[PDB]
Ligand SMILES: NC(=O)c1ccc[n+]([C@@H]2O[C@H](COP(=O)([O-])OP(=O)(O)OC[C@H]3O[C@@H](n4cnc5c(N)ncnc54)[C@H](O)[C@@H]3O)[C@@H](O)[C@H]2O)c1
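To begin, one chain is listed below as structure tokens, in the form solved without this ligand.
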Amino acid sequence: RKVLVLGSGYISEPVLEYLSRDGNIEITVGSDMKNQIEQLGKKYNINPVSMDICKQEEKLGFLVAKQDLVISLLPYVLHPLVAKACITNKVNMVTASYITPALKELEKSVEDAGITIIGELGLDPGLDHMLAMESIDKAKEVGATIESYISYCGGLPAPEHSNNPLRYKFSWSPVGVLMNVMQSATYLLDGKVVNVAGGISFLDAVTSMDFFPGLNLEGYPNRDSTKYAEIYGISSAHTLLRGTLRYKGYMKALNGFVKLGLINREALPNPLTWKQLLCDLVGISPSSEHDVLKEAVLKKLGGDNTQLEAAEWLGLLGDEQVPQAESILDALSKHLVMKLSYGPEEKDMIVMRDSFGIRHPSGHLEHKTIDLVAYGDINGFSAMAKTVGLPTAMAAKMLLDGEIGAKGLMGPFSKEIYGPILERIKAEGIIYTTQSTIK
């Protein structure tokens, strides 16, 4: 009956709420942000401890030894420091993030220490693995084989709050997100490695997603889908597709910013204004009421009015001061948060769509679809916080109660982990359904 929560940010709040229901656990919290931990201590009964991870490793060793379990809700670079204390002190661990190559090297040491370290929990990586392996294990139980695996997931605002040029709202500064439009995408299609070029030509790969008629979505492949053959164990499959869901016109609006030359890490040029900045990008002197409009509309896709109106709406042509930043990308990101932030009583939404093609030994081809949908609570937590938070907290509770016997470094791929979690998420307001057809 003792747990340490390293981190005091977005994901930490729903984790503390879930554990505090039963009322038989001494919850300690460790973080850098002094303003966050004091406000969090008012709501939930916890033991606040100011502690740096890298600089103050000494007190971490003494503190972690007292506890039973360690819930790491920190950035994924710092997990080897947290895991190093666990293997020496002989205590369990849980993570809501990627198992990195650095953490993979400790796997030999973790099994020798005789402790459990679960990783890759939450939304993605997390619930995407659990839904996939549930369906893949069910197929292999009846002698079937996986021929195709198409999957899509997206964290969005609720439809009612989608009335803006991007049809989106940012929780934090999208510095890492916007630069990923320039990256390529790779996936498998009918036994052929398809490669999609990024940047300006990436709008060609954005297709309509009409699986929910009422919801007006679009979709596109991301990063790398061939990776999931070895992980899930479906090398026989002829198709492997992983993608992201957005509302229609999102990618076309971002494509406008790529055309103007805003998506780059070059430095900036009386305070600077947005009217003056776009004049430098297009290549004119800063003096233009409606002359910069004619210059911008010419550059934007050869007279794209929708992209011009989007820049007009955000105030990129008008007279507004540019925030202090290291680059043009950081200036755009800071402005997008200021203009398109979440309100006090505005919901968010998670949608996840899987589609399996399962060949049975009888000869028939089963088409199995899986939907997972969750809305954010008005007087509660957001859908993103719940889907990322609750699987980590549930997995932690299983270790304390003694419902997981396996040892070593591991994901949520085994039925011992994912089975209980998928059953319990129904009560937390995260509903998922199944539909099957044969042909």
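In this text, residue numbers run from 1 along the sequence as written.
Form deposited with this ligand bound: not shown, discussed below.
Under a 4.5 angstroms non-hydrogen atom cutoff, this ligand in the deposited bound form has residue 31 among its neighbouring residues.
In the deposited bound form, residue 335 stays away from this ligand, with no heavy atom inside 4.5 Å. Using a 4.5 angstroms limit between non-hydrogen atoms, residue 313 is distant from this ligand in the deposited bound form. Proximity of residue 125 to this ligand in the deposited bound form falls within the 4.5 Å heavy atom cutoff. The candidate spot formed by 27, 64 and 89 lies out of contact with this ligand in the deposited bound form, as no residue has a heavy atom within 4.5 Å of it. The contact with this ligand in the deposited bound form, taken as any heavy atom within 4.5 Å, belongs to 76 out of 247, 232, 76, 211. Residue 53 is the only one of 69, 394, 383, 53 with a heavy atom lying within 4.5 Å of this ligand in the deposited bound form.
Note on the interface: of 325-333, 302-310, 196-204, 92-100, the segment with non-hydrogen atoms within 4.5 angstroms of this ligand in the deposited bound form is 92-100. For the partner-free chain shown, just 172 of 170-208 comes within 4.5 angstroms of this ligand in the deposited bound form, judged by any non-hydrogen atom.
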